[PDB]
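S.K.: fold the following for me, if possible:
(3 chains)
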Amino acid sequence: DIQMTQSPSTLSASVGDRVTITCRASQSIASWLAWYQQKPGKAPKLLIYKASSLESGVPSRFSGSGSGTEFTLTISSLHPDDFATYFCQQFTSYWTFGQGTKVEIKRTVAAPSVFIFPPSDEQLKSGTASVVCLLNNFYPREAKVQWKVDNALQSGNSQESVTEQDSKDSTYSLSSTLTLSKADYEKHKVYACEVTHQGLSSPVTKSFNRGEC
Amino acid sequence: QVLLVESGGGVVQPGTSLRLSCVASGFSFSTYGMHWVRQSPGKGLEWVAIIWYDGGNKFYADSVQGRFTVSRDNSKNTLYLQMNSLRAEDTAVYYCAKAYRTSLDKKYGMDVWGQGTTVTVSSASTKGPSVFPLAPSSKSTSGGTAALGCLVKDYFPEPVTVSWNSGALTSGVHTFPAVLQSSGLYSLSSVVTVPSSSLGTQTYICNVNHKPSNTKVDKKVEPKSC
Amino acid sequence: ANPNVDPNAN
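M.R.: Residues are numbered from 1 along each chain as shown, chains lettered A, B, ... in the order given. What follows is the structure:
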């Protein structure tokens, strides 16, 4: 079994930057290495074959190098269409892939707008209370969200969902949903979601006391 | 142009069987080896099987050996993957891929892939969504902008379509990708940012459509007094 | 019958 490992796992670069992705094989694969590009909702597309040979139609700004165990994929000047996830693949013993390298668009820091939505009266009657914390149009992607109930943190029953990077302004948006039964909901009073991000000088807390809404 | 199109995916119960299909055009299908590859968040990109041009030689990944069988009908330009004893770890997008053309090389990869078909192994039943309002309030305002939305909870299977004001409202909308709850059902949220000054003179209706259950809900989002 | 050899017609 030949295992392919890539580095970096995620990279943030601006248009026109030179980017280099490295791939390492557990044993020598000579030059039987291929590089693929994959965009969200789309199939992988072959860019480079046998380590160095560019496929037809692939722009010359892509190049690959290496032999044996160490291989590199280079994009000389990033284009908006090049922001995607890139996989390496060995084809000497079966076909195994690296874990992928996501290249995301670097833009100016944008602080998130924070909104909290208390559960509806309709849902509370059904014995379920879903609290939603919304972070809108922010960059970078790594905003942190914590649910504090009476200044006590919560674990489990909290799922996050984040949009793809917006095509127009390269921002992200994120929602965190805390689902708890009405019985556990009535047990406490203060429900809050605290947000931390580089765009914010200090942590932002949006809260509501149960019964206030 | 070389083109491959997978079909046959969908929601399936554990321990049952399912046959996928891959249709080829733009090249001489009968003269090429063909691959099946699958992609899941849990296991990444994972090769599944290869079949020789003539349908004779077949090789499989250990993860699928003895349960999956690859075949082809060169008269129908169609590649097949029969999946048996399906389990939850088989949930993935299944791609079909064409072997690289013959050269002096002794080792061969793949060049063109198809769009992929989604196989979801789950015990859940088809359920319509419950649309709950995400009401605008003092806690959902930032500056002169207010956020509001619709929580579409406990539906199955995918997908759900969400529009606002029957499609007349197209700006400021973020409809989030669905998340799989521990119940096996799906829940997503659609939010829109509007001027706070409009909440008294503008009606905001989310139109949620889940075709599998023929549930079409038009929920008017009204502000909360908080 | 080696998996990575030429899988094509010629």
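S.K.: contacting residues for the nearest residue to residue A:109 once chain neighbours are set aside?
M.R.: Leaving out its chain neighbours, the residue that sits closest to residue A:109 by C-beta to C-beta, 6 or more residues apart in numbering or on different chains is residue A:199, at 5.0 Å. No exception for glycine: its C-beta is placed from N, CA and C like everyone else's. Shown in contact with residue A:199 (C-beta atoms under 8 Å, 6 or more residues apart in numbering or on different chains): A:109-112, A:138-139.
S.K.: now do the SS call for the most centrally placed residue in chain A.
M.R.: What sits nearest the mean C-alpha location of chain A, by C-alpha atoms, centre = their mean, is residue A:141, with 7.1 Å. Using DSSP: H, G, I helix; E, B strand; the rest coil, the structure places residue A:141 in coil.
S.K.: which ones are touching the closest residue to it other than its chain neighbours?
M.R.: Spatial nearest neighbour of residue A:141, excluding adjacent residues (C-beta to C-beta, 6+ apart): residue A:172 at 4.7 Å. Taking C-beta under 8 Å, 6+ apart, we find residue A:172 in contact with A:137-141, A:143, A:162-163, A:165-166.
S.K.: which of the residues you listed sits closest to chain C?
M.R.: Chain C has its nearest neighbour among the contacts of residue A:172 in residue A:165, at 36.9 Å by C-beta to the nearest C-beta.
S.K.: could you look up the SS state of the closest one?
M.R.: Under three-state DSSP, residue A:165 falls in the coil class.
S.K.: can you give me the domain boundaries for chain A?
M.R.: Segmentation of chain A into domains, based on automatic domain parsing, reads A:4-105, A:113-209.
S.K.: oh, that last question was meant for chain B, not what I typed.
M.R.: B:3-121, B:130-220.
S.K.: for chain C, find the nearest of those domains.
M.R.: Chain C lies closest to domain B:3-121 among those, at 2.5 Å (C-beta to the nearest C-beta).
S.K.: quick one: the closest one near chain C?
M.R.: Yes - Domain B:3-121 is in contact with chain C by C-beta under 8 Å from any C-beta of the partner chain, via B:30-34, B:50-54, B:57, B:59, B:99, B:101-102, B:106-108.
S.K.: among the domains of chain A, which is nearest residue B:140?
M.R.: Across the domains of chain A, residue B:140 has its closest neighbour in domain A:113-209 (4.0 Å, C-beta to C-beta).
S.K.: and the closest one, how far out from the chain's middle?
M.R.: Distance of domain A:113-209 from the chain centroid (C-alpha atoms, centre = their mean, to the nearest Å) equals 18 Å.
S.K.: now the end-to-end length of it.
M.R.: Terminal residues of domain A:113-209 are spaced 21 Å apart (C-alpha to C-alpha, to the nearest Å).
S.K.: which parts of chain A sit against chain C?
M.R.: Going by C-beta under 8 Å from any C-beta, the residues of chain A near chain C are A:32, A:91-95.
S.K.: filter those residues down to the ones near chain B?
M.R.: Counting by C-beta under 8 Å from any C-beta, A:32, A:91-92, A:94-95 from those sit close to chain B.
S.K.: out of the residues you listed, which comes closest to residue A:1?
M.R.: Once C-beta to C-beta is applied, the member of these that ends up nearest residue A:1 is residue A:94, at 8.2 Å.
S.K.: the closest one: what's it in contact with?
M.R.: Applying C-beta under 8 Å, 6+ apart, the residues near residue A:94 are A:2, B:47, B:59, B:61, C:3-4.
S.K.: quick one, phi psi at residue B:165?
M.R.: phi 50, psi 40 (degrees, to the nearest 10).
S.K.: touching, it and residue B:218? I think so.
M.R.: No - counting by C-beta atoms under 8 Å, residue B:165 does not reach residue B:218; the two are 9.9 Å apart.
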